[PDB]
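This is upload32.cif (mmCIF, C-alpha atoms).
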```
data_model
loop_
_atom_site.group_PDB
_atom_site.id
_atom_site.type_symbol
_atom_site.label_atom_id
_atom_site.label_comp_id
_atom_site.auth_asym_id
_atom_site.auth_seq_id
_atom_site.Cartn_x
_atom_site.Cartn_y
_atom_site.Cartn_z
ATOM 1 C CA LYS D 83 84.482 6.834 -43.738
ATOM 2 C CA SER D 84 86.081 3.814 -45.430
ATOM 3 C CA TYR D 85 89.123 2.491 -43.563
ATOM 4 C CA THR D 86 91.319 -0.579 -43.940
ATOM 5 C CA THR D 87 90.843 -1.728 -40.342
ATOM 6 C CA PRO D 88 87.508 -3.356 -39.420
ATOM 7 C CA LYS D 89 85.033 -1.113 -37.634
ATOM 8 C CA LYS D 90 84.876 -1.305 -33.842
ATOM 9 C CA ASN D 91 81.308 -1.627 -32.562
ATOM 10 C CA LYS D 92 80.040 -0.350 -29.224
ATOM 11 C CA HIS D 93 78.699 -2.565 -26.437
ATOM 12 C CA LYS D 94 75.276 -3.639 -27.715
ATOM 13 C CA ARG D 95 73.563 -4.174 -24.372
ATOM 14 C CA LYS D 96 70.714 -6.591 -23.707
ATOM 15 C CA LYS D 97 67.351 -5.421 -22.383
ATOM 16 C CA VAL D 98 66.082 -6.888 -19.119
ATOM 17 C CA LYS D 99 62.475 -7.919 -18.495
ATOM 18 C CA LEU D 100 61.155 -8.163 -14.900
ATOM 19 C CA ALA D 101 64.428 -9.186 -13.262
ATOM 20 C CA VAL D 102 63.420 -8.868 -9.587
ATOM 21 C CA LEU D 103 60.310 -10.963 -10.329
ATOM 22 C CA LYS D 104 62.745 -13.850 -10.896
ATOM 23 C CA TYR D 105 64.204 -13.373 -7.393
ATOM 24 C CA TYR D 106 61.107 -12.791 -5.217
ATOM 25 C CA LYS D 107 59.883 -16.386 -5.018
ATOM 26 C CA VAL D 108 56.185 -16.233 -4.111
ATOM 27 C CA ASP D 109 54.061 -19.280 -3.320
ATOM 28 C CA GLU D 110 50.354 -19.488 -2.460
ATOM 29 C CA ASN D 111 51.110 -18.931 1.250
ATOM 30 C CA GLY D 112 52.487 -15.887 3.040
ATOM 31 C CA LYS D 113 56.144 -16.409 2.122
ATOM 32 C CA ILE D 114 58.442 -13.949 0.335
ATOM 33 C CA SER D 115 61.638 -16.038 0.451
ATOM 34 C CA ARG D 116 64.276 -14.486 -1.792
ATOM 35 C CA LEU D 117 66.740 -16.019 -4.237
ATOM 36 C CA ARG D 118 69.422 -13.292 -4.154
ATOM 37 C CA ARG D 119 71.443 -11.983 -1.221
ATOM 38 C CA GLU D 120 70.923 -8.471 0.128
ATOM 39 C CA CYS D 121 73.666 -5.893 0.680
ATOM 40 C CA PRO D 122 75.963 -6.174 3.737
ATOM 41 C CA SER D 123 76.790 -2.449 3.717
ATOM 42 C CA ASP D 124 75.158 -0.009 6.129
ATOM 43 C CA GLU D 125 75.564 2.894 3.681
ATOM 44 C CA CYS D 126 72.201 2.009 2.103
ATOM 45 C CA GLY D 127 69.109 0.184 3.331
ATOM 46 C CA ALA D 128 68.056 -3.297 2.210
ATOM 47 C CA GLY D 129 66.819 -2.779 -1.348
ATOM 48 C CA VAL D 130 69.683 -3.647 -3.681
ATOM 49 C CA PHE D 131 70.800 -7.197 -4.467
ATOM 50 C CA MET D 132 74.114 -8.838 -5.314
ATOM 51 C CA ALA D 133 75.239 -10.622 -8.459
ATOM 52 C CA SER D 134 74.562 -14.360 -8.706
ATOM 53 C CA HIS D 135 77.290 -15.896 -10.866
ATOM 54 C CA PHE D 136 78.596 -19.465 -10.867
ATOM 55 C CA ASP D 137 81.636 -18.789 -8.655
ATOM 56 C CA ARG D 138 81.349 -15.337 -7.041
ATOM 57 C CA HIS D 139 78.939 -12.748 -5.644
ATOM 58 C CA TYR D 140 79.485 -9.163 -6.812
ATOM 59 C CA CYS D 141 77.788 -5.969 -5.642
ATOM 60 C CA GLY D 142 75.884 -3.390 -7.599
ATOM 61 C CA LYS D 143 78.040 -0.562 -6.261
ATOM 62 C CA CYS D 144 80.020 -1.698 -3.178
ATOM 63 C CA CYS D 145 82.504 -3.690 -5.356
ATOM 64 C CA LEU D 146 82.996 -6.298 -2.610
ATOM 65 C CA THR D 147 83.402 -9.581 -4.484
ATOM 66 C CA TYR D 148 82.592 -12.626 -2.341
ATOM 67 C CA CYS D 149 84.676 -15.689 -3.198
ATOM 68 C CA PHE D 150 84.375 -19.405 -2.431
ATOM 69 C CA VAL H 14 38.921 9.166 -4.006
ATOM 70 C CA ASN H 15 40.061 10.299 -7.451
ATOM 71 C CA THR H 16 40.414 13.985 -6.550
ATOM 72 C CA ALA H 17 42.161 13.077 -3.283
ATOM 73 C CA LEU H 18 44.608 10.891 -5.220
ATOM 74 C CA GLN H 19 45.164 13.762 -7.669
ATOM 75 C CA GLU H 20 45.756 16.150 -4.746
ATOM 76 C CA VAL H 21 48.230 13.863 -2.960
ATOM 77 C CA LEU H 22 50.172 13.186 -6.178
ATOM 78 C CA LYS H 23 50.251 16.927 -6.911
ATOM 79 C CA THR H 24 51.574 17.487 -3.380
ATOM 80 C CA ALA H 25 54.191 14.807 -4.091
ATOM 81 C CA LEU H 26 55.125 16.643 -7.298
ATOM 82 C CA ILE H 27 55.351 19.980 -5.468
ATOM 83 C CA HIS H 28 57.312 18.600 -2.478
ATOM 84 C CA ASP H 29 59.505 15.885 -4.190
ATOM 85 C CA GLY H 30 58.374 13.172 -1.740
ATOM 86 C CA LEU H 31 57.610 10.719 -4.532
ATOM 87 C CA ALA H 32 58.920 7.293 -5.555
ATOM 88 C CA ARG H 33 57.632 6.236 -8.981
ATOM 89 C CA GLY H 34 58.602 3.163 -11.002
ATOM 90 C CA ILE H 35 58.949 -0.402 -9.735
ATOM 91 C CA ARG H 36 62.549 -0.967 -8.582
ATOM 92 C CA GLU H 37 62.926 2.143 -6.426
ATOM 93 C CA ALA H 38 59.308 1.782 -5.264
ATOM 94 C CA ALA H 39 60.026 -1.718 -3.936
ATOM 95 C CA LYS H 40 63.314 -0.407 -2.513
ATOM 96 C CA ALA H 41 61.423 2.319 -0.627
ATOM 97 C CA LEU H 42 58.961 -0.332 0.570
ATOM 98 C CA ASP H 43 61.806 -2.510 1.877
ATOM 99 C CA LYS H 44 63.605 0.530 3.357
ATOM 100 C CA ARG H 45 60.624 1.242 5.696
ATOM 101 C CA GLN H 46 60.415 4.602 3.904
ATOM 102 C CA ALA H 47 56.888 4.632 2.475
ATOM 103 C CA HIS H 48 53.442 5.927 3.427
ATOM 104 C CA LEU H 49 50.952 5.188 0.618
ATOM 105 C CA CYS H 50 50.710 3.057 -2.525
ATOM 106 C CA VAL H 51 48.267 2.436 -5.380
ATOM 107 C CA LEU H 52 47.623 -0.436 -7.784
ATOM 108 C CA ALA H 53 46.159 -0.919 -11.267
ATOM 109 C CA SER H 54 44.243 -4.201 -11.412
ATOM 110 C CA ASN H 55 42.270 -5.982 -14.221
ATOM 111 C CA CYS H 56 45.050 -5.764 -16.809
ATOM 112 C CA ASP H 57 47.360 -8.168 -18.670
ATOM 113 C CA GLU H 58 49.357 -9.134 -15.570
ATOM 114 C CA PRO H 59 50.273 -12.849 -15.498
ATOM 115 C CA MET H 60 52.716 -12.592 -12.572
ATOM 116 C CA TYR H 61 52.779 -8.885 -11.667
ATOM 117 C CA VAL H 62 49.611 -9.010 -9.525
ATOM 118 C CA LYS H 63 50.834 -11.920 -7.383
ATOM 119 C CA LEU H 64 54.298 -10.364 -6.973
ATOM 120 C CA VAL H 65 52.853 -6.987 -6.004
ATOM 121 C CA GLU H 66 50.325 -8.456 -3.551
ATOM 122 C CA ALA H 67 53.210 -10.312 -1.918
ATOM 123 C CA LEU H 68 55.093 -6.994 -1.880
ATOM 124 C CA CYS H 69 52.197 -4.991 -0.416
ATOM 125 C CA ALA H 70 51.075 -7.621 2.110
ATOM 126 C CA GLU H 71 53.946 -6.662 4.427
ATOM 127 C CA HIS H 72 53.324 -3.676 6.730
ATOM 128 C CA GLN H 73 49.887 -1.934 6.408
ATOM 129 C CA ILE H 74 50.521 -0.932 2.778
ATOM 130 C CA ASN H 75 47.524 1.028 1.497
ATOM 131 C CA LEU H 76 46.177 0.560 -2.032
ATOM 132 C CA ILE H 77 43.858 2.477 -4.354
ATOM 133 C CA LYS H 78 42.426 0.460 -7.241
ATOM 134 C CA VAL H 79 42.199 1.892 -10.755
ATOM 135 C CA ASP H 80 41.075 0.439 -14.087
ATOM 136 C CA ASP H 81 43.712 1.498 -16.623
ATOM 137 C CA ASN H 82 47.394 2.446 -16.625
ATOM 138 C CA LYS H 83 46.741 5.669 -18.547
ATOM 139 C CA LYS H 84 45.177 8.331 -16.311
ATOM 140 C CA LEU H 85 47.540 7.426 -13.467
ATOM 141 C CA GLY H 86 50.342 8.851 -15.636
ATOM 142 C CA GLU H 87 48.843 12.357 -15.862
ATOM 143 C CA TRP H 88 48.771 13.614 -12.257
ATOM 144 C CA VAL H 89 52.062 11.946 -11.268
ATOM 145 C CA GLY H 90 54.384 13.996 -13.498
ATOM 146 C CA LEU H 91 55.118 11.283 -16.060
ATOM 147 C CA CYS H 92 54.761 12.963 -19.475
ATOM 148 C CA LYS H 93 54.452 16.709 -18.883
ATOM 149 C CA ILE H 94 55.072 17.585 -22.527
ATOM 150 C CA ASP H 95 52.756 19.457 -24.946
ATOM 151 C CA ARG H 96 50.653 21.182 -22.256
ATOM 152 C CA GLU H 97 48.428 22.954 -24.856
ATOM 153 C CA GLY H 98 45.346 20.943 -23.965
ATOM 154 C CA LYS H 99 45.466 17.151 -24.389
ATOM 155 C CA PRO H 100 48.701 15.207 -23.791
ATOM 156 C CA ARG H 101 50.719 13.851 -26.701
ATOM 157 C CA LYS H 102 51.744 10.381 -25.488
ATOM 158 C CA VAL H 103 51.515 9.048 -21.926
ATOM 159 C CA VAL H 104 52.963 5.606 -21.182
ATOM 160 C CA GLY H 105 51.504 3.220 -18.599
ATOM 161 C CA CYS H 106 52.505 3.006 -14.944
ATOM 162 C CA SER H 107 51.377 0.386 -12.441
ATOM 163 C CA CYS H 108 52.146 1.565 -8.891
ATOM 164 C CA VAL H 109 53.628 4.606 -7.156
ATOM 165 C CA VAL H 110 54.941 5.300 -3.638
ATOM 166 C CA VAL H 111 54.097 8.569 -1.850
ATOM 167 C CA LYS H 112 55.925 9.770 1.291
ATOM 168 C CA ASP H 113 54.624 13.329 1.658
ATOM 169 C CA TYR H 114 55.839 15.329 4.669
ATOM 170 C CA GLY H 115 53.798 18.548 4.686
ATOM 171 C CA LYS H 116 50.477 16.775 5.135
ATOM 172 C CA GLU H 117 48.408 19.648 6.556
ATOM 173 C CA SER H 118 45.564 19.199 4.074
ATOM 174 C CA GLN H 119 41.945 18.054 4.052
ATOM 175 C CA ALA H 120 42.452 15.566 1.201
ATOM 176 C CA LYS H 121 44.974 13.508 3.187
ATOM 177 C CA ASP H 122 42.468 13.330 6.050
ATOM 178 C CA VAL H 123 39.716 12.255 3.631
ATOM 179 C CA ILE H 124 41.825 9.501 2.045
ATOM 180 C CA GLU H 125 43.223 8.353 5.419
ATOM 181 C CA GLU H 126 39.768 8.115 7.003
ATOM 182 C CA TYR H 127 38.777 6.195 3.872
ATOM 183 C CA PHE H 128 41.733 3.867 4.495
ATOM 184 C CA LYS H 129 40.818 3.288 8.163
ATOM 185 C CA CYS H 130 37.392 1.863 7.372
#
```

Starting from the coordinates I provided, produce the structure as structure tokens.
Amino acid sequence: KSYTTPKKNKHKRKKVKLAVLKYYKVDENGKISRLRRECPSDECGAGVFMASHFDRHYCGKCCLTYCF
Amino acid sequence: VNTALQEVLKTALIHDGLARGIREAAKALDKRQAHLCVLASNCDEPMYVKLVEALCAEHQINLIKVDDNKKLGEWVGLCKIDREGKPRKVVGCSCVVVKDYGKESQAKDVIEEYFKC
């Protein structure tokens, strides 16, 4: 329709491209040294990573924000 | 071989012991919850080959080489639409993780004796 208020738009998300390839640092030797921290919860295994922001470290699903 | 790979992926489809994709495949690799893997080489992979050889050079990870990304996506259960002959559109997959349980078959023995060689 045509309304007086401006139209509210949904969250136009951005598309990722090979995200974990930016965190598995691989050199020419046998080293797989990571850039992102693993999960400290024993509910899951050791596959998921945490958020890497400038001041905190957030989960994917555990919602345990690590401060400084 | 090719028919053994088709048989083990059909067993994975019939017994839900399959981990497709990349993220959950690497998660199942890091979870110590994997048995077999494959790989599609000689493609447009600037970093994917070196990342996946680092990923599969960890704990006796088996590989089966294949030319294209196309016929891997037919026996895995990728695009099971328009079954009246030829498929309509099948996208490309790189690697898959198989953790079959009911492995009382001749094809597993054939591919495993091929792996221990």

One decimal, Å: what's the distance from CA of residue 125 in chain H over to CA of residue 112 in chain H, could you say?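 Separating CA of residue 125 in chain H from CA of residue 112 in chain H is a distance of 13.4 Å.
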
With all atoms listed in the file as the counted atoms, please give the residues lying no more than 12 Å from residue 134 in chain D, apart from itself and same-chain residues fewer than 3 positions off, as a list in words.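 Listing them by chain and then by number gives residues 105, 117, 118, 119, 120, 131, 137, 138, 139, 140, 141, 142, 147, 148 and 149 of chain D.
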
Please produce, as a tab-separated table, a per-residue contact table for range 83-115 of chain D versus range 53-77 of chain H (criterion: any atom at most 7 Å away, only C-alpha atoms considered), showing the nearest atom pair and its distance in Å to one decimal, sorted by chain then residue number.
```
residue	atom	partner	partner_atom	distance
D:103	CA	H:64	CA	6.9
D:108	CA	H:64	CA	6.8
D:114	CA	H:67	CA	6.8
```

Take CA of residue 123 in chain H and CA of residue 50 in chain H and report the distance between them in Å, one decimal.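 These two atoms are separated by 15.6 Å.
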
Could you write out as a list in words the residues that the PyMOL selection byres ((chain D) within 12 of (chain H)) matches in the shown file?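 This file, filtered by the PyMOL selection byres ((chain D) within 12 of (chain H)), leaves residues 99, 100, 101, 102, 103, 104, 105, 106, 107, 108, 109, 110, 111, 112, 113, 114, 115, 116, 120, 124, 126, 127, 128, 129, 130 and 131 of chain D.
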
Since we have the selection now, will you write its residues out, keeping C-alpha atoms, as an mmCIF file, in the frame of the given file?
```cif
data_model
loop_
_atom_site.group_PDB
_atom_site.id
_atom_site.type_symbol
_atom_site.label_atom_id
_atom_site.label_comp_id
_atom_site.auth_asym_id
_atom_site.auth_seq_id
_atom_site.Cartn_x
_atom_site.Cartn_y
_atom_site.Cartn_z
ATOM 1 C CA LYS D 99 62.475 -7.919 -18.495
ATOM 2 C CA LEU D 100 61.155 -8.163 -14.900
ATOM 3 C CA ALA D 101 64.428 -9.186 -13.262
ATOM 4 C CA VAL D 102 63.420 -8.868 -9.587
ATOM 5 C CA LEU D 103 60.310 -10.963 -10.329
ATOM 6 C CA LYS D 104 62.745 -13.850 -10.896
ATOM 7 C CA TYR D 105 64.204 -13.373 -7.393
ATOM 8 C CA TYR D 106 61.107 -12.791 -5.217
ATOM 9 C CA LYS D 107 59.883 -16.386 -5.018
ATOM 10 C CA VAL D 108 56.185 -16.233 -4.111
ATOM 11 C CA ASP D 109 54.061 -19.280 -3.320
ATOM 12 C CA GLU D 110 50.354 -19.488 -2.460
ATOM 13 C CA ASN D 111 51.110 -18.931 1.250
ATOM 14 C CA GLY D 112 52.487 -15.887 3.040
ATOM 15 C CA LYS D 113 56.144 -16.409 2.122
ATOM 16 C CA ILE D 114 58.442 -13.949 0.335
ATOM 17 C CA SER D 115 61.638 -16.038 0.451
ATOM 18 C CA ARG D 116 64.276 -14.486 -1.792
ATOM 19 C CA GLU D 120 70.923 -8.471 0.128
ATOM 20 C CA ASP D 124 75.158 -0.009 6.129
ATOM 21 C CA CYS D 126 72.201 2.009 2.103
ATOM 22 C CA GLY D 127 69.109 0.184 3.331
ATOM 23 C CA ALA D 128 68.056 -3.297 2.210
ATOM 24 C CA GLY D 129 66.819 -2.779 -1.348
ATOM 25 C CA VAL D 130 69.683 -3.647 -3.681
ATOM 26 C CA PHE D 131 70.800 -7.197 -4.467
#
```

List as a CSV table (one decimal) with C-alpha atoms, in the frame of the given file the protein and nucleic acid residues near residue 115 in chain H, meaning an atom at most 8 Å away when only C-alpha atoms are counted, but skip any in the same chain fewer than 2 places from it.
```
chain,number,residue,atom,x,y,z
H,28,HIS,CA,57.3,18.6,-2.5
H,113,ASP,CA,54.6,13.3,1.7
H,117,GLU,CA,48.4,19.6,6.6
```

Which residues come within 12 Å of residue 100 in chain H, counting all atoms listed in the file, excluding same-chain residues fewer than 5 positions away, as an MDAnalysis selection string? chainID H and resid 83:84 86:88 90:95

Could you check how far CA of residue 23 in chain H sits from CA of residue 101 in chain H, in Å to one decimal?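 Separating CA of residue 23 in chain H from CA of residue 101 in chain H is a distance of 20.0 Å.
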
Work out where the centre of an axis-aligned box around every listed atom of range 55-74 of chain H lies and how long its edges are once 8 Å is added on each side; give both in Å to one decimal as lines of an AutoDock Vina configuration file.
```
center_x = 48.7
center_y = -6.9
center_z = -6.0
size_x = 28.8
size_y = 27.9
size_z = 41.4
```

Between H:29, H:34, H:24, H:49, which one has atoms that come closest to residue 111 in chain H, using all atoms listed in the file?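 Closest to residue 111 in chain H of all the choices is H:49.
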
Given all atoms listed in the file as the counted atoms, nearest of H:33, H:78, H:47, H:119 to residue 15 in chain H: H:78

Scan for residues within 6 Å of the point (52.0, 5.8, -16.1) in the coordinates of the file, using all atoms listed in the file, and reply as a list in words.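 Protein and nucleic acid residues near the point are residues 82, 83, 85, 86, 104, 105 and 106 of chain H.
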
Could you add N, CA and C atoms to range 74-92 of chain H and give me the result as a PDB file, keeping the file's coordinate frame?
```pdb
ATOM      1  N   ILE H  74      50.364  -1.675   4.025  1.00  0.00           N
ATOM      2  CA  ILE H  74      50.521  -0.932   2.778  1.00  0.00           C
ATOM      3  C   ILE H  74      49.142  -0.656   2.189  1.00  0.00           C
ATOM      4  N   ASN H  75      48.810   0.623   2.041  1.00  0.00           N
ATOM      5  CA  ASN H  75      47.524   1.028   1.497  1.00  0.00           C
ATOM      6  C   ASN H  75      47.529   0.920  -0.026  1.00  0.00           C
ATOM      7  N   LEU H  76      46.343   0.689  -0.590  1.00  0.00           N
ATOM      8  CA  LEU H  76      46.177   0.560  -2.032  1.00  0.00           C
ATOM      9  C   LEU H  76      44.943   1.324  -2.480  1.00  0.00           C
ATOM     10  N   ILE H  77      45.014   1.897  -3.678  1.00  0.00           N
ATOM     11  CA  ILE H  77      43.858   2.477  -4.354  1.00  0.00           C
ATOM     12  C   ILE H  77      43.759   1.819  -5.722  1.00  0.00           C
ATOM     13  N   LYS H  78      42.623   1.185  -5.994  1.00  0.00           N
ATOM     14  CA  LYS H  78      42.426   0.460  -7.241  1.00  0.00           C
ATOM     15  C   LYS H  78      42.047   1.415  -8.363  1.00  0.00           C
ATOM     16  N   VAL H  79      42.488   1.087  -9.576  1.00  0.00           N
ATOM     17  CA  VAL H  79      42.199   1.892 -10.755  1.00  0.00           C
ATOM     18  C   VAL H  79      42.131   0.947 -11.950  1.00  0.00           C
ATOM     19  N   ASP H  80      41.330   1.321 -12.950  1.00  0.00           N
ATOM     20  CA  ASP H  80      41.075   0.439 -14.087  1.00  0.00           C
ATOM     21  C   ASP H  80      42.280   0.353 -15.021  1.00  0.00           C
ATOM     22  N   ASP H  81      42.688   1.481 -15.592  1.00  0.00           N
ATOM     23  CA  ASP H  81      43.712   1.498 -16.623  1.00  0.00           C
ATOM     24  C   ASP H  81      45.030   2.051 -16.087  1.00  0.00           C
ATOM     25  N   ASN H  82      46.069   1.916 -16.910  1.00  0.00           N
ATOM     26  CA  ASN H  82      47.394   2.446 -16.625  1.00  0.00           C
ATOM     27  C   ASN H  82      47.595   3.854 -17.168  1.00  0.00           C
ATOM     28  N   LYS H  83      46.560   4.463 -17.744  1.00  0.00           N
ATOM     29  CA  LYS H  83      46.741   5.669 -18.547  1.00  0.00           C
ATOM     30  C   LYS H  83      46.537   6.953 -17.752  1.00  0.00           C
ATOM     31  N   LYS H  84      45.423   7.084 -17.027  1.00  0.00           N
ATOM     32  CA  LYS H  84      45.177   8.331 -16.311  1.00  0.00           C
ATOM     33  C   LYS H  84      45.942   8.414 -14.996  1.00  0.00           C
ATOM     34  N   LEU H  85      46.600   7.331 -14.578  1.00  0.00           N
ATOM     35  CA  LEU H  85      47.540   7.426 -13.467  1.00  0.00           C
ATOM     36  C   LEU H  85      48.773   8.235 -13.856  1.00  0.00           C
ATOM     37  N   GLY H  86      49.169   8.176 -15.124  1.00  0.00           N
ATOM     38  CA  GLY H  86      50.342   8.851 -15.636  1.00  0.00           C
ATOM     39  C   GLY H  86      50.158  10.307 -16.007  1.00  0.00           C
ATOM     40  N   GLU H  87      49.069  10.943 -15.585  1.00  0.00           N
ATOM     41  CA  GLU H  87      48.843  12.357 -15.862  1.00  0.00           C
ATOM     42  C   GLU H  87      49.042  13.255 -14.652  1.00  0.00           C
ATOM     43  N   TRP H  88      48.628  12.817 -13.466  1.00  0.00           N
ATOM     44  CA  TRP H  88      48.771  13.614 -12.257  1.00  0.00           C
ATOM     45  C   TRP H  88      50.015  13.256 -11.457  1.00  0.00           C
ATOM     46  N   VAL H  89      50.848  12.351 -11.965  1.00  0.00           N
ATOM     47  CA  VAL H  89      52.062  11.946 -11.268  1.00  0.00           C
ATOM     48  C   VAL H  89      53.280  12.746 -11.736  1.00  0.00           C
ATOM     49  N   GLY H  90      53.224  13.352 -12.919  1.00  0.00           N
ATOM     50  CA  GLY H  90      54.384  13.996 -13.498  1.00  0.00           C
ATOM     51  C   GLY H  90      55.134  13.145 -14.493  1.00  0.00           C
ATOM     52  N   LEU H  91      54.450  12.215 -15.159  1.00  0.00           N
ATOM     53  CA  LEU H  91      55.118  11.283 -16.060  1.00  0.00           C
ATOM     54  C   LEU H  91      55.522  11.957 -17.364  1.00  0.00           C
ATOM     55  N   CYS H  92      54.533  12.387 -18.150  1.00  0.00           N
ATOM     56  CA  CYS H  92      54.761  12.963 -19.475  1.00  0.00           C
ATOM     57  C   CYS H  92      54.148  14.358 -19.470  1.00  0.00           C
TER      58      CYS H  92
END
```
